[PDB]
$ cat query_5.pdb   # PDB, C-alpha atoms and all ligand atoms
ATOM      1  CA  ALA X  17     -10.075  -3.365  18.606
ATOM      2  CA  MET X  18     -11.468  -2.081  16.474
ATOM      3  CA  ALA X  19     -11.476  -0.217  13.153
ATOM      4  CA  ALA X  20     -14.131   0.338  10.482
ATOM      5  CA  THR X  21     -14.679   1.936   7.072
ATOM      6  CA  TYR X  22     -14.967   4.946   9.355
ATOM      7  CA  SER X  23     -11.231   4.882  10.091
ATOM      8  CA  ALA X  24     -10.394   3.175   6.807
ATOM      9  CA  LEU X  25     -11.835   6.034   4.744
ATOM     10  CA  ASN X  26     -10.115   8.379   7.206
ATOM     11  CA  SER X  27      -6.693   7.376   5.873
ATOM     12  CA  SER X  28      -7.392   7.237   2.135
ATOM     13  CA  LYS X  29      -6.952  10.994   1.654
ATOM     14  CA  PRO X  30      -4.106  11.730   4.129
ATOM     15  CA  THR X  31      -2.110   9.786   1.549
ATOM     16  CA  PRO X  32      -2.702   8.443  -1.904
ATOM     17  CA  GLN X  33       0.431   6.732  -3.204
ATOM     18  CA  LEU X  34       3.482   8.040  -5.014
ATOM     19  CA  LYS X  35       3.516   4.513  -6.425
TER
ATOM     20  CA  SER Q   2      22.445 -13.970   5.997
ATOM     21  CA  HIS Q   3      18.955 -15.438   6.456
ATOM     22  CA  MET Q   4      15.726 -13.714   5.340
ATOM     23  CA  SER Q   5      14.406 -11.051   7.702
ATOM     24  CA  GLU Q   6      11.062 -10.726   9.449
ATOM     25  CA  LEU Q   7      10.429  -7.787   7.102
ATOM     26  CA  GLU Q   8      11.216  -9.887   4.042
ATOM     27  CA  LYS Q   9       8.962 -12.695   5.272
ATOM     28  CA  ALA Q  10       6.258 -10.113   5.942
ATOM     29  CA  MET Q  11       6.252  -8.934   2.317
ATOM     30  CA  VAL Q  12       6.082 -12.533   1.065
ATOM     31  CA  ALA Q  13       3.139 -13.229   3.376
ATOM     32  CA  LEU Q  14       1.202 -10.354   1.812
ATOM     33  CA  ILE Q  15       1.722 -12.008  -1.572
ATOM     34  CA  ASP Q  16       0.682 -15.425  -0.252
ATOM     35  CA  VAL Q  17      -2.538 -14.273   1.419
ATOM     36  CA  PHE Q  18      -3.555 -12.460  -1.768
ATOM     37  CA  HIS Q  19      -3.032 -15.553  -3.910
ATOM     38  CA  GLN Q  20      -4.652 -17.744  -1.246
ATOM     39  CA  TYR Q  21      -7.884 -15.847  -1.849
ATOM     40  CA  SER Q  22      -7.587 -14.392  -5.363
ATOM     41  CA  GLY Q  23      -7.100 -17.842  -6.890
ATOM     42  CA  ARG Q  24     -10.504 -19.045  -5.725
ATOM     43  CA  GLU Q  25     -13.053 -17.650  -8.193
ATOM     44  CA  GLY Q  26     -12.783 -16.152 -11.677
ATOM     45  CA  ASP Q  27      -9.553 -14.293 -12.364
ATOM     46  CA  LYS Q  28      -6.992 -16.143 -10.245
ATOM     47  CA  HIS Q  29      -4.820 -13.019 -10.178
ATOM     48  CA  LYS Q  30      -7.481 -10.643  -8.794
ATOM     49  CA  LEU Q  31      -9.958 -10.490  -5.906
ATOM     50  CA  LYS Q  32     -13.648 -10.207  -6.776
ATOM     51  CA  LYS Q  33     -15.941  -8.913  -4.012
ATOM     52  CA  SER Q  34     -16.697 -12.516  -3.039
ATOM     53  CA  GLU Q  35     -13.046 -13.253  -2.357
ATOM     54  CA  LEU Q  36     -12.293  -9.891  -0.736
ATOM     55  CA  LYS Q  37     -15.034 -10.373   1.877
ATOM     56  CA  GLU Q  38     -13.779 -13.784   2.988
ATOM     57  CA  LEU Q  39     -10.181 -12.522   3.136
ATOM     58  CA  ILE Q  40     -11.135  -9.617   5.413
ATOM     59  CA  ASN Q  41     -13.450 -11.794   7.500
ATOM     60  CA  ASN Q  42     -11.002 -14.681   7.825
ATOM     61  CA  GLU Q  43      -7.633 -12.920   7.953
ATOM     62  CA  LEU Q  44      -8.404  -9.440   9.338
ATOM     63  CA  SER Q  45     -10.886 -10.426  12.066
ATOM     64  CA  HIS Q  46      -8.930  -8.472  14.702
ATOM     65  CA  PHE Q  47      -8.284  -5.250  12.791
ATOM     66  CA  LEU Q  48     -11.491  -4.776  10.786
ATOM     67  CA  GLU Q  49     -15.139  -5.224  11.780
ATOM     68  CA  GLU Q  50     -16.720  -8.342  10.290
ATOM     69  CA  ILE Q  51     -18.582  -7.859   7.014
ATOM     70  CA  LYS Q  52     -22.086  -9.344   6.748
ATOM     71  CA  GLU Q  53     -23.717  -6.592   4.702
ATOM     72  CA  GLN Q  54     -23.424  -6.458   0.920
ATOM     73  CA  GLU Q  55     -23.545  -2.669   1.235
ATOM     74  CA  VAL Q  56     -20.243  -2.800   3.137
ATOM     75  CA  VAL Q  57     -18.503  -4.945   0.525
ATOM     76  CA  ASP Q  58     -19.751  -2.657  -2.235
ATOM     77  CA  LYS Q  59     -18.188   0.331  -0.481
ATOM     78  CA  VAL Q  60     -14.872  -1.306   0.441
ATOM     79  CA  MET Q  61     -14.322  -2.505  -3.124
ATOM     80  CA  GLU Q  62     -15.280   0.945  -4.404
ATOM     81  CA  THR Q  63     -12.609   2.602  -2.282
ATOM     82  CA  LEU Q  64     -10.106  -0.116  -3.148
ATOM     83  CA  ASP Q  65     -10.786  -0.282  -6.890
ATOM     84  CA  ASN Q  66      -8.841   2.492  -8.608
ATOM     85  CA  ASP Q  67      -8.669   1.046 -12.124
ATOM     86  CA  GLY Q  68     -12.432   0.483 -12.287
ATOM     87  CA  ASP Q  69     -12.596  -3.228 -13.123
ATOM     88  CA  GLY Q  70     -14.816  -4.331 -10.241
ATOM     89  CA  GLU Q  71     -12.021  -6.381  -8.685
ATOM     90  CA  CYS Q  72      -8.973  -5.924  -6.481
ATOM     91  CA  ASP Q  73      -5.607  -6.665  -8.107
ATOM     92  CA  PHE Q  74      -2.392  -6.955  -6.087
ATOM     93  CA  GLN Q  75      -1.390  -3.307  -6.532
ATOM     94  CA  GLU Q  76      -4.775  -2.127  -5.243
ATOM     95  CA  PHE Q  77      -4.508  -4.659  -2.410
ATOM     96  CA  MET Q  78      -1.117  -3.334  -1.258
ATOM     97  CA  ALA Q  79      -2.681   0.110  -0.946
ATOM     98  CA  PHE Q  80      -5.332  -1.500   1.256
ATOM     99  CA  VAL Q  81      -2.688  -3.148   3.443
ATOM    100  CA  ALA Q  82      -0.983   0.251   3.683
ATOM    101  CA  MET Q  83      -4.230   1.892   4.819
ATOM    102  CA  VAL Q  84      -5.024  -0.727   7.465
ATOM    103  CA  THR Q  85      -1.427  -0.915   8.732
ATOM    104  CA  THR Q  86      -1.166   2.868   9.146
ATOM    105  CA  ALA Q  87      -4.364   2.855  11.253
ATOM    106  CA  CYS Q  88      -2.992   0.090  13.508
ATOM    107  CA  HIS Q  89       0.181   2.109  14.131
ATOM    108  CA  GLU Q  90      -1.613   5.140  15.605
ATOM    109  CA  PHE Q  91      -3.374   2.934  18.176
ATOM    110  CA  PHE Q  92      -0.052   1.399  19.236
TER
ATOM    111  CA  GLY F   1     -10.083 -17.115  12.914
ATOM    112  CA  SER F   2      -9.543 -16.192  16.556
ATOM    113  CA  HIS F   3      -5.770 -16.544  16.301
ATOM    114  CA  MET F   4      -3.763 -13.655  14.886
ATOM    115  CA  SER F   5      -3.555 -14.412  11.168
ATOM    116  CA  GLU F   6      -0.377 -14.508   9.103
ATOM    117  CA  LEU F   7      -1.603 -11.316   7.443
ATOM    118  CA  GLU F   8      -2.179  -9.573  10.768
ATOM    119  CA  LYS F   9       1.216 -10.606  12.165
ATOM    120  CA  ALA F  10       2.827  -9.478   8.920
ATOM    121  CA  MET F  11       1.322  -6.030   9.448
ATOM    122  CA  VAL F  12       2.616  -6.003  13.040
ATOM    123  CA  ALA F  13       6.074  -6.929  11.760
ATOM    124  CA  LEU F  14       6.062  -3.931   9.425
ATOM    125  CA  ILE F  15       5.296  -1.739  12.437
ATOM    126  CA  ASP F  16       7.939  -3.419  14.602
ATOM    127  CA  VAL F  17      10.799  -3.156  12.112
ATOM    128  CA  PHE F  18      10.017   0.546  11.670
ATOM    129  CA  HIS F  19      10.170   1.296  15.401
ATOM    130  CA  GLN F  20      13.219  -0.967  15.651
ATOM    131  CA  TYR F  21      15.156   1.439  13.432
ATOM    132  CA  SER F  22      13.469   4.824  13.833
ATOM    133  CA  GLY F  23      14.052   4.676  17.587
ATOM    134  CA  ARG F  24      17.823   4.491  17.212
ATOM    135  CA  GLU F  25      18.938   8.067  16.537
ATOM    136  CA  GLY F  26      17.172  11.409  16.950
ATOM    137  CA  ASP F  27      13.407  11.387  16.419
ATOM    138  CA  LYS F  28      12.301   7.927  17.568
ATOM    139  CA  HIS F  29       9.261   8.001  15.272
ATOM    140  CA  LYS F  30      11.048   8.825  12.008
ATOM    141  CA  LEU F  31      13.959   7.452   9.985
ATOM    142  CA  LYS F  32      16.923   9.715   9.300
ATOM    143  CA  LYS F  33      19.173   8.682   6.400
ATOM    144  CA  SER F  34      21.414   7.023   8.997
ATOM    145  CA  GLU F  35      18.607   4.772  10.222
ATOM    146  CA  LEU F  36      17.154   4.078   6.765
ATOM    147  CA  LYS F  37      20.506   2.696   5.584
ATOM    148  CA  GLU F  38      20.755   0.197   8.443
ATOM    149  CA  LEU F  39      17.174  -1.036   7.935
ATOM    150  CA  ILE F  40      17.620  -1.750   4.216
ATOM    151  CA  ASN F  41      21.061  -3.338   4.558
ATOM    152  CA  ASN F  42      20.194  -5.602   7.491
ATOM    153  CA  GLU F  43      16.557  -6.452   6.794
ATOM    154  CA  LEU F  44      16.236  -6.180   2.993
ATOM    155  CA  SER F  45      19.486  -7.937   2.048
ATOM    156  CA  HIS F  46      17.686 -10.337  -0.322
ATOM    157  CA  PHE F  47      15.368  -8.021  -2.280
ATOM    158  CA  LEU F  48      17.432  -4.866  -2.768
ATOM    159  CA  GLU F  49      21.090  -4.392  -3.675
ATOM    160  CA  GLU F  50      23.249  -3.233  -0.759
ATOM    161  CA  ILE F  51      23.758   0.512  -0.324
ATOM    162  CA  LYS F  52      27.346   1.696   0.092
ATOM    163  CA  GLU F  53      27.166   5.064  -1.651
ATOM    164  CA  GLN F  54      25.818   8.136   0.142
ATOM    165  CA  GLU F  55      24.555   9.354  -3.233
ATOM    166  CA  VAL F  56      22.207   6.360  -3.401
ATOM    167  CA  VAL F  57      20.586   7.043  -0.007
ATOM    168  CA  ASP F  58      20.204  10.745  -0.857
ATOM    169  CA  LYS F  59      18.146  10.048  -3.987
ATOM    170  CA  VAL F  60      15.926   7.426  -2.328
ATOM    171  CA  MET F  61      14.909   9.643   0.609
ATOM    172  CA  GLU F  62      13.975  12.430  -1.827
ATOM    173  CA  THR F  63      11.659  10.062  -3.732
ATOM    174  CA  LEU F  64      10.102   8.585  -0.576
ATOM    175  CA  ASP F  65       9.394  12.000   0.953
ATOM    176  CA  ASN F  66       6.023  13.323  -0.221
ATOM    177  CA  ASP F  67       5.388  15.764   2.625
ATOM    178  CA  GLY F  68       8.834  17.247   2.002
ATOM    179  CA  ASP F  69      10.580  17.213   5.391
ATOM    180  CA  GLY F  70      13.563  15.067   4.388
ATOM    181  CA  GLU F  71      12.802  12.026   6.560
ATOM    182  CA  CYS F  72      10.628   8.914   6.421
ATOM    183  CA  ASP F  73       7.685   8.612   8.821
ATOM    184  CA  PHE F  74       5.592   5.437   9.062
ATOM    185  CA  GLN F  75       3.031   6.581   6.494
ATOM    186  CA  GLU F  76       5.771   7.247   3.925
ATOM    187  CA  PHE F  77       7.407   3.950   4.889
ATOM    188  CA  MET F  78       4.253   1.965   4.115
ATOM    189  CA  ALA F  79       4.294   3.466   0.628
ATOM    190  CA  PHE F  80       7.891   2.279   0.303
ATOM    191  CA  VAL F  81       7.005  -1.227   1.510
ATOM    192  CA  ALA F  82       4.030  -1.288  -0.881
ATOM    193  CA  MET F  83       6.291  -0.224  -3.728
ATOM    194  CA  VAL F  84       9.017  -2.794  -3.045
ATOM    195  CA  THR F  85       6.543  -5.664  -2.535
ATOM    196  CA  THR F  86       4.691  -4.960  -5.803
ATOM    197  CA  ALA F  87       7.982  -5.135  -7.720
ATOM    198  CA  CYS F  88       8.741  -8.534  -6.171
ATOM    199  CA  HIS F  89       5.282  -9.767  -7.216
ATOM    200  CA  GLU F  90       5.882  -8.686 -10.832
ATOM    201  CA  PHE F  91       9.226 -10.560 -10.765
ATOM    202  CA  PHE F  92       7.574 -13.878  -9.831
ATOM    203  CA  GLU F  93       4.966 -14.011 -12.588
ATOM    204  CA  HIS F  94       7.228 -12.731 -15.362
TER
HETATM  205 CA    CA G 101     -10.350 -14.212  -8.133
HETATM  206 CA    CA G 102      -9.032  -3.430  -9.964
HETATM  207 CA    CA G 103      15.107   8.272  14.199
HETATM  208 CA    CA G 104       8.654  12.806   5.278
END

$ encode --input "query_5.pdb" --output "structure tokens"
Amino acid sequence: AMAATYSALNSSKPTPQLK
Amino acid sequence: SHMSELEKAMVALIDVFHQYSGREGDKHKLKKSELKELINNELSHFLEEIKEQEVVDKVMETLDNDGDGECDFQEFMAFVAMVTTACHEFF
Amino acid sequence: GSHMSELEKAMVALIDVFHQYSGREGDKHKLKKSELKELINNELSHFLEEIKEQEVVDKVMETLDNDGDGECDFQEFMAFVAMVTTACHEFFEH
């Protein structure tokens, strides 16, 4: 405990997806 | 020869999506209504509770990549990926 | 609820299976081709066809590796899990 959109947004750019 | 924890994990992701996406409107996608309850009911230990509409606007915005105002399964798996990655670093 | 949800324990299981196999040989936080093979064959024996050719494992690691170091870290592994799961979804409503 605990995360937020803080940390959530923090790992949206370190990787998109090679879907 | 009996289904792994991993394989039952993947299935569970599918089930929780359908448990909530089937509620209102498109039964195959999550509107903001359904997304909020999912997070609040099923991720109450990993993510801070949502009670502000502003929050739900922003989460859906980051999650919605096809621009339809809803979260389909593909977009949801990305979300699971994001949350899971975060949980790993603090473990 | 106050109990760990099915979703949250699913996420934990993804983490656990990764450390279960990445910790075996060499870098305990990454999967070499050796470790990747065992994971798939023992834990994904119902979704993916068994791997017995080295050529197969070579091509898969190349595709999974986006940072280009020749191994699969957890971040790259989540992409893989995401990818596999999506395919299974598509093959349940088609
Ligand atoms: Ca819906
Ligand atoms: Ca969408
Ligand atoms: Ca290793
Ligand atoms: Ca890599």

$ residues_near_ligand --input "query_5.pdb" --ligand "ligand CA 103 (chain G)" --cutoff "10 Å" --atoms "all atoms listed in the file" --output "list in words"
residues 18, 19, 20, 21, 22, 23, 24, 25, 26, 27, 28, 29, 30, 31, 32, 33, 34, 35, 36, 71, 72 and 73 of chain F

$ closest_residue --input "query_5.pdb" --among "Q:46, Q:59, Q:32, Q:52" --to "chain F" --atoms "only C-alpha atoms"
Q:46

$ closest_residue --input "query_5.pdb" --among "Q:88, Q:36, Q:48, Q:12" --to "residue 65 of chain Q" --atoms "all atoms listed in the file"
Q:36

$ closest_residue --input "query_5.pdb" --among "F:17, F:83, F:78, F:88" --to "chain X" --atoms "all atoms listed in the file"
F:83

$ residues_near_point --input "query_5.pdb" --point "(-7.8, -12.8, 16.3)" --cutoff "10 Å" --atoms "all atoms listed in the file" --output "VMD selection string"
(chain X and resid 17) or (chain Q and resid 42 to 47) or (chain F and resid 1 to 5 8)

$ closest_atom_pairs --input "query_5.pdb" --of "chain F" --to "ligand CA 104 (chain G)" --cutoff "8 Å" --atoms "only C-alpha atoms and all ligand atoms" --output "tab-separated table"
residue	atom	partner	partner_atom	distance
F:64	CA	G:CA104	CA	7.4
F:65	CA	G:CA104	CA	4.5
F:66	CA	G:CA104	CA	6.1
F:67	CA	G:CA104	CA	5.1
F:68	CA	G:CA104	CA	5.5
F:69	CA	G:CA104	CA	4.8
F:70	CA	G:CA104	CA	5.5
F:71	CA	G:CA104	CA	4.4
F:72	CA	G:CA104	CA	4.5
F:73	CA	G:CA104	CA	5.6
F:76	CA	G:CA104	CA	6.4

$ residues_near_point --input "query_5.pdb" --point "(-5.4, 7.6, -1.7)" --cutoff "12 Å" --atoms "only C-alpha atoms" --output "count of residues only"
24

$ closest_residue --input "query_5.pdb" --among "F:56, F:82, F:40, F:51" --to "chain Q" --atoms "only C-alpha atoms"
F:82

$ residues_near_ligand --input "query_5.pdb" --ligand "ligand CA 102 (chain G)" --cutoff "9 Å" --atoms "all atoms listed in the file" --output "MDAnalysis selection string"
chainID Q and resid 30:32 61 64:77

$ residues_near_ligand --input "query_5.pdb" --ligand "ligand CA 101 (chain G)" --cutoff "7 Å" --atoms "all atoms listed in the file" --output "ChimeraX atom specification"
/Q:21-32,35

$ atom_distance --input "query_5.pdb" --atom1 "atom CA of residue 15 of chain Q" --atom2 "atom CA of residue 85 of chain F"
8.0 Å

$ atom_distance --input "query_5.pdb" --atom1 "atom CA of residue 41 of chain F" --atom2 "atom CA of residue 80 of chain F"
14.9 Å

$ resolve_selection --input "query_5.pdb" --expression "the PyMOL selection byres (((chain Q and resi 10) around 10) and not hetatm)" --output "ChimeraX atom specification"
/Q:5-9,11-16 /F:6-14,81,85
